[PDB]
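Chains as they are written, first to last, in the authors' numbering: chain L2, 53 to 253; chain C4, 11 to 137; chain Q1, 1 to 25; chain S1, 20 to 233; chain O0, 9 to 105; chain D6, 2 to 98; chain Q3, 2 to 92.
Backbone N, C-alpha and C define an ideal beta-carbon position, used for all residues, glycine too.
The structure appears below as structure tokens.
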Amino acid sequence: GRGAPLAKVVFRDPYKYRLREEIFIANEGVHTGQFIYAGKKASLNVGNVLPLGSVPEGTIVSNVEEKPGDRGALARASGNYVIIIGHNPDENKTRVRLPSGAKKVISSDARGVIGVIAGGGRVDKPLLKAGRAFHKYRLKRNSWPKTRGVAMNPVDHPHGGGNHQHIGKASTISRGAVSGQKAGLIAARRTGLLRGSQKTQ
Amino acid sequence: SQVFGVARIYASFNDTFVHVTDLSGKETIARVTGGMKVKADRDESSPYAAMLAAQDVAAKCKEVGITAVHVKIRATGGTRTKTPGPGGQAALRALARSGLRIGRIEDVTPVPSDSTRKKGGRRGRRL
Amino acid sequence: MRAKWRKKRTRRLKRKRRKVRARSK
Amino acid sequence: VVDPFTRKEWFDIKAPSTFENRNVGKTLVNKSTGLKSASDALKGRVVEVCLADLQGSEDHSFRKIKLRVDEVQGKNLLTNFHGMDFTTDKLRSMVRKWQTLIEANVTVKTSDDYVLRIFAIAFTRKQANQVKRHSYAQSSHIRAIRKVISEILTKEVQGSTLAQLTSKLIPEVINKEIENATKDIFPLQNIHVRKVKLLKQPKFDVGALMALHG
Amino acid sequence: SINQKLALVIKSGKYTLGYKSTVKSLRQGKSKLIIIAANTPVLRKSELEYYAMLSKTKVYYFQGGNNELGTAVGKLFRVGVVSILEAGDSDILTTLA
Amino acid sequence: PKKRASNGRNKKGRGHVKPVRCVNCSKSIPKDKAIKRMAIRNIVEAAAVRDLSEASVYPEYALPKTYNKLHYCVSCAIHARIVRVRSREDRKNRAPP
Amino acid sequence: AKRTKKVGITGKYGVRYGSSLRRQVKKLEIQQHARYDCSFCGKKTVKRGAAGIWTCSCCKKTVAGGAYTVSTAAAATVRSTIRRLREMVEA
RNA sequence: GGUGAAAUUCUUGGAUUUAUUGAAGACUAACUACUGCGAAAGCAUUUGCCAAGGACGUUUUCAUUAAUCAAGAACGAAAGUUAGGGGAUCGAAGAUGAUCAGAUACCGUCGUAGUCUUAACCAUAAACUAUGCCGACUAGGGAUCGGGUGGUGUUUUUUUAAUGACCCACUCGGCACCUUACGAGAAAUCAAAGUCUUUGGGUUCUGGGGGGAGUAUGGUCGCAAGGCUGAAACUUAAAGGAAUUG
Ligand SMILES: [Mg+2]
Ligand SMILES: [Mg+2]
Ligand SMILES: [Mg+2]
Ligand SMILES: [Mg+2]
Ligand SMILES: [Mg+2]
Ligand SMILES: [Mg+2]
Ligand SMILES: [Mg+2]
Ligand SMILES: [Mg+2]
Ligand SMILES: [Mg+2]
Ligand SMILES: [Mg+2]
Ligand SMILES: [Mg+2]
Ligand SMILES: [Mg+2]
Ligand SMILES: [Mg+2]
Ligand SMILES: [Mg+2]
Ligand SMILES: [Mg+2]
Ligand SMILES: [Mg+2]
Ligand SMILES: [Mg+2]
Ligand SMILES: [Mg+2]
Ligand SMILES: [Mg+2]
Ligand SMILES: [Mg+2]
Ligand SMILES: [Mg+2]
Ligand SMILES: [Mg+2]
Ligand SMILES: [Mg+2]
Ligand SMILES: [Zn+2]
Ligand SMILES: [Zn+2]
């Protein structure tokens with residue numbers, strides 16, 4: 053139920069004689085046998101893990117931390133990555149752009165892994181039949197298929213009932229709504245078909 | 011003898027700028043435009059106004075400190091009409107005659123290695 | 001009429017007959 | 020009821036070494052207050068005086084010079100090198116029809132690791148007796164001259180800093196060596212270094228700066 | 009070129025192709041050059057290199073892959089190493105390489 | 002019929018030359034058919050030259066022109082600038098003044 | 002002896018789902034089943050097995066890849082971009 | 001700000017202007033020309049790489065291997081279509097400001113698709129020189145582009161050369177211009193559109209009064225838009241071309 057493959061990477065325990073194996077999301081191009089380096093003072097190659105402070109701008113990294121140590125939070129879905137778009141060294145913040153478009157700033161100590169996450173392209177190919185979605189959500193969570201609330205009776209849902217199917221009122225629901233009410237377009241600040249280049253500036 | 015500011019006279023059509031700055035540029039001093047010293051829109055570039063504005067500007071230049079100044083006259087340009095406007099002439103004219111000093115003046119009309127498609131489309135602004 | 005606006009006249013004209021015939025294939 | 024004229028702290032601009040008048044100009048600031056000070060915020064601006072105005076002689080009216088403010092010490096702010104340009108009028112005059120143009124450039128690092136790009140311009144010339152009304156080099160000609168200009172420009176930079184390069188460009192020696200190696204290929208006229216830009220400086224280092232001063 | 013050189017060697021000299029049989033050649037100190045394909049794994053690379061230094065034999069690090077090495081010696085298969093046994097008229101042994 | 006050997010204007014061994022934009026209406030028009038004119042004129046003007054040198058520093062200074070190539074579109078070239086319209090013979094004549 | 006005219010592998014779906022989708026699947030499907038050149042051992046023996054996973058028959062290395070193709074447009078451009086940036090920090 | 005003049009529009013959010021950096025994508029100004037190259041579309045920053053090519057030189061090689069071509073095929077501006085990416089600019093659509101009797105426009109603002117690129121399509125332009133290709137012959141001139149041969153030419157100085165650039169005569173092969181008329185033509189004009197009632201070097205292709213109409217129909221190609229092939233009935237005395245006078 054994950055898009056991108058994992059990568060099992062074993063390390064020596066600096067303190068005990070033993071191998072300690074970690075689980076990574078595999079960046080594209082990484083491979084069995086490959087040597088992976090992790091540390092401030094380490095080298096800028098696909099597969100390694102370096103603190104956003106130590107890589108030049110335009111570096112491309114995956115599985116990055118929001119706070120240093122949290123062992124990776126941003127950009128883990130197949131195909132996603134982040135780009136360092138600036139640094140402010142007196143404060144050691146570093147500024148990234150996340151897959152969404154949003155640009156956060158985080159500790160230059162927050163770590164990331166050089167590259168992009170693998171199995172990208174996954175969503176370009178049609179699911180084609182209900183069975184393929186079926187097995188898709190089967191290994192995720194019981195969220196499929198989805199009855200339209202407008203096919204329900206009133207007991208069931210804001211949209212239920214009436215002698216033809218129809219929402220009956222604006223399906224744009226305030227943030228200040230209350231559970232039992234938030235179905236539809238929640239807190240929608242605009243609505244309708246999007247025309248013209250999206251792309252945040 | 012003097013103290014050296016920078017003139018920078020932007021003379022496009024429908025308006026003329028004059029405003030002196032510190033030789034470095036970061037710090038300005040005084041401005042005023044043709045649209046400032048007459049009222050009728052149509053007459054916002056014309057010399058007789060570019061005078062009356064280059065007049066006010068000559069004042070402040072001395073009513074603060076700057077004795078002298080080299081000019082860098084400029085037109086619209088970019089992907090546009092590269093020619094000096096009507097009232098940059100009147101400016102230069104009526105600012106050497108005012109009471110300041112001139113010396114070493116060039117043109118900073120932006121002229122690209124050409125590109126960025128001109129406005130008006132293939133058939134031009136036709137009428 | 002301009003030659004080409006007439007070329008465009010009968011382009012349309014054909015699309016319509018092209019349609020109306022399909023109606024009955 | 021203010022008029023920022025009653026307030027603006029004032030200042031005078033000095034130039035650096037290899038020139039005529041180190042005294043250059045004056046400037047406006049804004050009183051050095053605790054928090055937001057006349058100091059650190061600006062100063063480091065840059066000024067564009069013609070080096071003829073900066074070297075006396077007038078065989079120099081073109082060739083623009085950019086002086087950036089690097090340091091400051093009470094009513095005295097020194098300036099150093101930041102680049103050179105050309106007067107737009109001189110340029111649009113060397114470029115006459117009926118003759119082949121040639122331009123050439125290279126990015127490069129001096130000693131004091133200031134990195135920069137210098138440009139070169141040159142045009143063909145007719146020679147005294149040339150009947151044909153235009154004179155054009157022959158492309159294979161152009162690549163040659165360009166190459167050499169590049170071999171000659173790369174040498175001169177990475178002599179000790181712009182400091183010597185500054186010293187180098189002002190007498191425009193580079194121009195003649197160009198013409199020197201060149202006339203083995205094809206005539207030519209004008210031949211200048213035209214433009215030079217600055218794009219990478221090393222660390223501040225109050226030392227080397229305060230060696231062009233005293 | 010270098011291929012051009014190698015070309016000469018093929019159509020006039022003596023050689024051998026492949027990992028086992030250039031070691032026969034290194035052990036018998038019969039090799040004059042061994043040429044090493046880019047993507048040949050380091051272990052093999054490192055091993056030949058050791059073999060070669062013990063036998064005082066220079067080693068060319070052919071910067072193409074073993075697919076194209078095989079084509080450089082004009083075979084429709086692929087070689088990870090070549091051993092020059094004699095350079096027929098080719099100067100590879102005493103040119104740049 | 003055909004009313005010019007140059008057809009529009011002056012391309013005989015090509016096929017295509019890039020267009021340029023009219024310095025007036027911004028109309029596109031091939032660079033060869035284009036109608037051009039160097040606009041070299043001082044930075045000053047008529048009487049401004051006298052009240053220049055006076056209030057300037059330096060002796061005499063220099064005086065520079067502006068230099069900007071002008072491209073019209075025929076219609077614009079005709080409507081105002083160089084054009085008149087020439088007789089059937091006076092047409093042929095390409096000598097400028 | 003040309004068996005189909007344009008469905009190809011996509012003939013398994015017969016008439017269903019609409020040409021336009023059958024088309025798009027057929028693309029990524031071809032991608033997704035092909036034998037690829039192995040960077041490492043030079044034989045063409047890389048086949049898929051679950052999205053992102055590209056492992057070499059003989060020779061036995063596995064590589065993270067795209068979901069239906071070994072190397073992804075971006076993956077590659079990223080590769081070169083890092084390489085560029087890497088080399089910027091030792092010169 | 002924008003204009004013939006305005007207005008819609010932007011302005012405590014310091015607009016416009018200035019100044020120091022930075023980003024993105026387009027484009028290649030000036031030099032650019034009666035100048036180059038390509039089968040045609042078309043091609044203008046540097047550098048490396050990659051294979052290609054005409055002209056020229058040639059006391060080299062082969063020896064009729066060639067000319068031109070239904071079918072068939074390669075490329076094919078712009079827009080347009082499919083799937084990514086890109087999306088600075090300009091900007092079909094649309095919405096607006098104005099003008100107007102009206103104004104679905106022209107002018108002004110916003111600006112979707114587009115514009116760029118990859119992988120596939122489409123196959124059309126006044127895709128023009130409105131002018132098939134190969135061969136022969138017929139007439140004057142000065143320029144120029146590329147190659148070449150000649151010269152006790154000019155300039156570069158060093159010590160004189162070597163060179164390089166320039167000069168002059170010739171020669172092939174280019175893009176073109178000029179003057180002619182042997183000649184041609186309905187003329188305009190044309191060194192081919194000439195060497196034709198004194199009508200034959202070879203070869204391909206198209207037209208046969210105007211509309212109807214590139215319409216209908218079939219076939220075929222295309223995702224589509226559309227491409228190619230392509231009639232009739234019926235109507236009609238003209239339509240048309242060059243030149244002249246008004
Ligand atoms: Mg369920
Ligand atoms: Mg449902
Ligand atoms: Mg649903
Ligand atoms: Mg029900
Ligand atoms: Mg309810
Ligand atoms: Mg409700
Ligand atoms: Mg309901
Ligand atoms: Mg409904
Ligand atoms: Mg008009
Ligand atoms: Mg029906
Ligand atoms: Mg007529
Ligand atoms: Mg007419
Ligand atoms: Mg054409
Ligand atoms: Mg250019
Ligand atoms: Mg047939
Ligand atoms: Mg756009
Ligand atoms: Mg409209
Ligand atoms: Mg209206
Ligand atoms: Mg409309
Ligand atoms: Mg056609
Ligand atoms: Mg034409
Ligand atoms: Mg002749
Ligand atoms: Mg009919
Ligand atoms: Zn025009
Ligand atoms: Zn393998």
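Original post:
Just to confirm, does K19 (chain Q1) get its C-beta within under 7 Å of one of the non-hydrogen atoms of ligand 3?
Top reply: Position 19 of the third sequence, counted from the start, is the residue given in the question as residue 19 (chain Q1). No - ligand 3 has no heavy atom lying nearer than 7 Å to the Cβ of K19 (chain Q1).
Original post:
Just to confirm, are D108 (chain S1) and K70 (chain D6) a CB contact at a threshold of 8 Å?
Top reply: Locating residue 108 (chain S1) in the fourth sequence gives position 89, counting from the first residue. Locating residue 70 (chain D6) in the sixth sequence gives position 69, counting from the first residue. Not in contact: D108 (chain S1) and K70 (chain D6) (Cβ atoms no closer than 8 Å).
**OP:** Determine, using beta-carbon pairs with one atom in the stretch 162-181 of chain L2 and one in the stretch 68-81 of chain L2, whether at least three such pairs fall under 8 Å.
**Re:** yes
Subject >> Helix, strand or coil at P120 (chain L2) [DSSP, three-state] >> reply: Reading the first sequence from its first residue, position 68 is the one you call residue 120 (chain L2). Coil, per DSSP.
Original post:
Going by the CB atoms, is the gap between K145 (chain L2) and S130 (chain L2) shorter than 8 Å?
Top reply: Here residue 130 (chain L2) refers to the residue found at position 78 of the first sequence. Here residue 145 (chain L2) refers to the residue found at position 93 of the first sequence. Not a contact, by the Cβ cut-off of 8 Å.
Original post:
Since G178 (chain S1) sits in a beta bridge, which residues does DSSP pair it with?
Top reply: Position 159 of the fourth sequence, counted from the first residue, corresponds to residue 178 (chain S1). Beta-bridge partners assigned by DSSP to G178 (chain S1): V176 (chain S1).
Subject >> Where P57 (chain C4) sits in the DSSP three-state scheme >> reply: On the second sequence, position 47 is the one that residue 57 (chain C4) refers to. Reduced to three states, the DSSP call for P57 (chain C4) is helix.
Original post:
With respect to 7 Å, is the separation between the Cβ of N194 (chain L2) and the closest non-hydrogen atom of ligand 1 below this value?
Top reply: Walking along the first sequence from the start, residue 194 (chain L2) turns up at place 142. For ligand 1, at least one heavy atom lies less than 7 Å from the Cβ of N194 (chain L2).
Original post:
Under the criterion of a Cβ to heavy atom distance below 7 Å, does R80 (chain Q3) qualify as lining ligand 3?
Top reply: Here residue 80 (chain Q3) corresponds to residue number 79 of the seventh sequence, with the count starting at 1. Not under cutoff, so the answer is no.
Subject >> CA-to-CA distance, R149 (chain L2) to residue 224 (chain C4), given in whole angstroms >> reply: Any question about residue 224 (chain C4) goes unanswered here, given that chain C4 covers just 11 to 137.
Original post:
In or out: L207 (chain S1) buried (at least 16 other Cβ within 10 Å) or exposed?
Top reply: For the purposes of this step, residue 207 (chain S1) is identified with residue 188 of the fourth sequence, where counting begins at 1. Its Cβ being crowded by 16 or more others within 10 Å, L207 (chain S1) is buried.
Original post:
Span of the beta strand (DSSP E) holding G138 (chain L2)?
Top reply: Position 86 of the first sequence, counting from 1, holds the residue named residue 138 (chain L2). Where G138 (chain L2) is concerned, the enclosing beta strand (DSSP E) stretches over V134 to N140.
Original post:
What residues of chain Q3 sit near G73 (chain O0), judged by a beta carbon separation below 7 Å?
Top reply: In the fifth sequence, counting from the first residue as 1, residue 73 (chain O0) sits at position 65. Chain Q3 residues near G73 (chain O0): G43.
Subject >> Validate contact between the stretch 35-42 of chain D6 and the stretch 88-98 of chain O0 using beta carbons, cut 8 Å, 3 pairs >> reply: no
Original post:
Cβ of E73 (chain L2) less than 8 Å from any chain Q3 Cβ?
Top reply: Within the first sequence, the letter at position 21 stands for residue 73 (chain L2). Not one chain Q3 Cβ lies under 8 Å of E73 (chain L2).
Original post:
Should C77 (chain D6) be listed as close to ligand 24, given that the test is whether its C-beta is under 7 Å from any heavy atom?
Top reply: Position 76 of the sixth sequence holds residue 77 (chain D6). Yes; taking the cut-off as 7 Å, the Cβ of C77 (chain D6) has a heavy atom of ligand 24 nearer than that.
**OP:** Pull up the DSSP beta-bridge partners for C57 (chain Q3), would you.
**Re:** As a position in the seventh sequence, residue 57 (chain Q3) is number 56, starting the count at 1. Assignment of beta-bridge partners to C57 (chain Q3) by DSSP yields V47 (chain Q3).
Subject >> Below-8 Å beta-carbon distance, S40 (chain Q3) vs any chain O0 residue >> reply: Position 39 of the seventh sequence holds residue 40 (chain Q3). Chain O0 contact via Cβ: present.
Original post:
For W5 (chain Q1), does the count of other Cβ atoms within 10 angstroms reach 16, so buried, or fall short, so exposed?
Top reply: Here the question's residue 5 (chain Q1) lines up with position 5 in the third sequence. Its Cβ having fewer than 16 others within 10 Å, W5 (chain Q1) is exposed.
Subject >> Range covered by the beta strand (DSSP E) that runs through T126 (chain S1) >> reply: The residue labelled residue 126 (chain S1) in the question sits at position 107 within the fourth sequence. Where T126 (chain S1) is concerned, the enclosing beta strand (DSSP E) stretches over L120 to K128.
**OP:** Report yes if the C-beta distance between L86 (chain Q3) and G110 (chain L2) is below 8 Å; otherwise report no.
**Re:** Position 85 of the seventh sequence, counted from the first residue, corresponds to residue 86 (chain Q3). Position 58 of the first sequence, counted from the first residue, corresponds to residue 110 (chain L2). Yes. Within cutoff.
Subject >> First through last residue of the beta strand (DSSP E) which encompasses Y23 (chain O0) >> reply: Here residue 23 (chain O0) refers to the residue found at position 15 when the fifth sequence is read from its first residue. Note, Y23 (chain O0): beta strand (DSSP E), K22 to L25.
Original post:
Are the C-beta atoms of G35 (chain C4) and some chain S1 residue less than 8 Å apart?
Top reply: Start at 1 with the first residue of the second sequence, and residue 35 (chain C4) comes out as number 25. Closer than 8 Å to some Cβ of chain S1, the Cβ of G35 (chain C4) qualifies, so yes.
Original post:
Which residues in the same chain as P206 (chain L2) place their Cβ atom closer than 7 Å to its Cβ, once the five residues preceding and following it in sequence are excluded?
Top reply: Start at 1 with the first residue of the first sequence, and residue 206 (chain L2) comes out as number 154. Excluding sequence neighbours, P206 (chain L2) sits near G212 and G213.
Subject >> Extent of the continuous beta strand (DSSP E) run through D203 (chain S1) >> reply: In the fourth sequence, residue 203 (chain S1) corresponds to position 184, counting from 1. Here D203 (chain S1) belongs to no beta strand (DSSP E), and DSSP marks it neither H nor E.
Original post:
Do you know how far the Cα of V88 (chain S1) is from the Cα of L96 (chain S1)?
Top reply: The count along the fourth sequence starts at 1 and reaches residue 96 (chain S1) at position 77. The count along the fourth sequence starts at 1 and reaches residue 88 (chain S1) at position 69. Using only the alpha carbons, I get a separation of about 7 Å.
Original post:
Is the CB of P65 (chain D6) under 8 Å away from at least one CB in chain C4?
Top reply: Looking up residue 65 (chain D6) in the sixth sequence gives position 64. By this cut-off, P65 (chain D6) is an interface position.
**OP:** Name, going along the chain, the residues of the stretch 103-117 of chain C4 whose beta-carbon falls closer than 9 Å to a beta-carbon of chain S1.
**Re:** Against chain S1 - using a Cβ distance shorter than 9 Å - the residues of the stretch 103-117 of chain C4 are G113, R114, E116 and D117.
Subject >> Test item, CB below 6 Å from any non-hydrogen atom of ligand 3 >> reply: Listed by position along the chain, the residues with Cβ atoms less than 6 Å from a non-hydrogen atom of ligand 3 are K198 (chain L2) and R200 (chain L2).
**OP:** Going by CA-CA distance only, name the one from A229 (chain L2), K119 (chain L2) and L180 (chain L2) that's closest to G164 (chain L2).
**Re:** Stepping through the first sequence from its first residue, residue 164 (chain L2) is reached at position 112. Of the candidates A229 (chain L2), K119 (chain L2) and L180 (chain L2), the one whose C-alpha sits nearest the C-alpha of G164 (chain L2) is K119 (chain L2).
**OP:** Tell me where the beta strand (DSSP E) around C39 (chain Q3) begins and ends.
**Re:** Indexing the seventh sequence from 1 puts residue 39 (chain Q3) at position 38. Premise fails: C39 (chain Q3) is in no beta strand (DSSP E) and is neither H nor E.
Subject >> Any non-hydrogen atom of ligand 21 within 7 Å of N8 (chain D6) CB >> reply: Here residue 8 (chain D6) corresponds to residue number 7 of the sixth sequence, with the count starting at 1. Within the cutoff, so yes.
**OP:** Compare the C-beta of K28 (chain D6) against all C-beta atoms of chain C4 and say whether one is closer than 8 Å.
**Re:** Your numbering for residue 28 (chain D6) matches position 27 in the sixth sequence. Output row for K28 (chain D6): interface = yes.
Original post:
Once you ignore the five residues that flank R72 (chain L2) on each side, which residues in its own chain have a CB closer than 8 Å to its CB?
Top reply: Residue mapping note: residue 72 (chain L2) aligns to position 20 of the first sequence, counting from 1. Around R72 (chain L2): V62, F63, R64 and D65.
**OP:** Look up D32 (chain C4) in the DSSP assignment and say whether it is helix, strand or coil.
**Re:** Residue mapping note: residue 32 (chain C4) aligns to position 22 of the second sequence, counting from 1. Of the three classes helix, strand and coil, the one that applies to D32 (chain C4) here is strand, per DSSP.
**OP:** Determine, using beta carbons only, whether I31 (chain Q3) and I54 (chain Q3) come nearer to each other than 8 Å.
**Re:** Here the question's residue 31 (chain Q3) lines up with position 30 in the seventh sequence. Here the question's residue 54 (chain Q3) lines up with position 53 in the seventh sequence. No.
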